[PDB]
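In the block that follows, a single chain appears as structure tokens, in the form deposited in one PDB entry.
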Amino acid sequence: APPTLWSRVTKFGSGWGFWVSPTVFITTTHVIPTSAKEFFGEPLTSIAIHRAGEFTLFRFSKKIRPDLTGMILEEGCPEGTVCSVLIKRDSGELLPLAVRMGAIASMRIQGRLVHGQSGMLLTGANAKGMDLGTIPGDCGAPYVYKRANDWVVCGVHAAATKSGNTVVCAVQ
């Protein structure tokens, strides 16, 4: 996956978020620090926060990441799309986990009620644990894929079943 996409993935609360543009940051609602009143030097008064269930978008009034070009963010992807989840792991290791995407779903995972785009990992069978699957520290990592000539972001990592086989992407 291109270096410019890895540079957009930034450590945030109990997980990660993703710079779509110099002013727009997306992440998974549950990884956000609950009491926080300031982000990237800016007060909450100066930021437009758009919440839809487990998807949160931050739009800043100033350019926080002026090194970046704005890219395409879509509301999920077509059934059958193969995406990469851009997961960073202890020590500059980069894990772009392959996932075949399925339908928008409502599920109960570890007793929590979760709504988003379901998918199934293409890394291995019985992908429970950190070598072939997701861990709770991965929440907020972006779901991306390549079209004709450009890359698209279509959601952020929200949940995984106990078996590890099913993941859920929260969507705009």
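Just count from 1 along the sequence shown to find any residue number. Think of the rigid core as the biggest set of C-alphas that the two forms share within 1.5 Å after superposition.
If you look for the form deposited in another entry, you will not find it shown, but the lines that follow are about it.
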Entry of 139, 127, 26, 144 that shows, once the rigid core is matched between the shown form and the other one, a C-alpha shift of 2 Å or more: 127
So with the core overlaid, does the Cα of residue 90 end up 2 Å or more away between the shown form and the other one? yes
Inter-Cα distance between residue 129 and residue 77 in the other entry, nearer or further [3 Å or more]: farther
